[PDB]
Every structure is written in C-alpha cells, then in structure tokens.
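Below is one structure, written out as structure tokens; comments come after it.
Numbering (the deposited numbering), first residue to last: 1856 to 1970.
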C-alpha cells in the first residue's frame, strides 16, 4: 500500500531473457505454423472465429519496440498463439500436435528461467 512495498525483484534482465526464449521457440522444428500471421484472405473462417490473432513474428516486433510493459504481458501473447491453435485445429493433425509440443517447450523454459 502507500509507502509499504515488498522487496524489489530484479527485472533488469527480463527483456534479454524473453528475447532468448523467443529465439529458441523461433528455431524449434515444430515452429512453422506459428512463424508468420495466418493469411486472413486465404484461410476461411479465421478472421471471424479468432478474435485476437498472434504469431512469433508479431511478438518479436512488439518485443523489439517496447510494447511489452512486463514479462507477464509477453507470456500472455505466447500462450495466445497456442490457445488460438487449439481453437482452430483438431488435436490429431500435424498443426494441432505442433501446438501442444510448442506450448510444452515454452512452459518449461519459462519455469526454468524465471520460477
């Protein structure tokens, strides 16, 4: 509350560490469905159904331009990519399986780096 603060957690390396995580997601072999924005002209249903599209290239540009206020807003966008994928793709499809694998990979790196 006013003039009463918990001890200051060091956040000075968060930007660099989120960039390292994002590089590791970019270079994973199962990243291919997620590297670029879904083409809304060419994929029927996507525009109406997925209210907030997100992809790794869009996260990279937001990261690089100071559009994440803290490390939690960065994790929310990464998770959005996988939540969108599960909304639109069957579990038993190449893209459906890719999304599950990448979400697993991300959540471990996240815990090991920050928790």
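All residues carry an ideal CB built from backbone N, CA and C; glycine is no exception.
In this structure, does DSSP put residue i in helix, strand or coil?
i, result
"residue 1864", "coil"
"residue 1925", "coil"
"residue 1944", "coil"
"residue 1883", "coil"
"residue 1870", "helix"
Relative to the alpha-carbon of residue i, which residue among the options has its alpha-carbon at the smallest distance?
i, options, result
"residue 1877", "1950, 1910, 1955, 1939", "1910"
"residue 1884", "1960, 1861, 1859", "1960"
"residue 1919", "1872, 1860, 1856, 1892", "1872"
Can you find the residues in the same chain that come closer than 6 Å, C-beta to C-beta, to residue i, ignoring five residues on each side of it along the sequence?
i, result
"residue 1916", "none"
"residue 1937", "1954, 1958"
"residue 1998", "Here the chain has residues from 1856 to 1970 only, and residue 1998 is not among them."
Please list, in chain order, all residues of the same chain as residue i whose beta carbon is under 8 Å from its beta carbon, the five residues on each side excluded.
i, result
"residue 1939", "1905, 1907, 1908, 1909"
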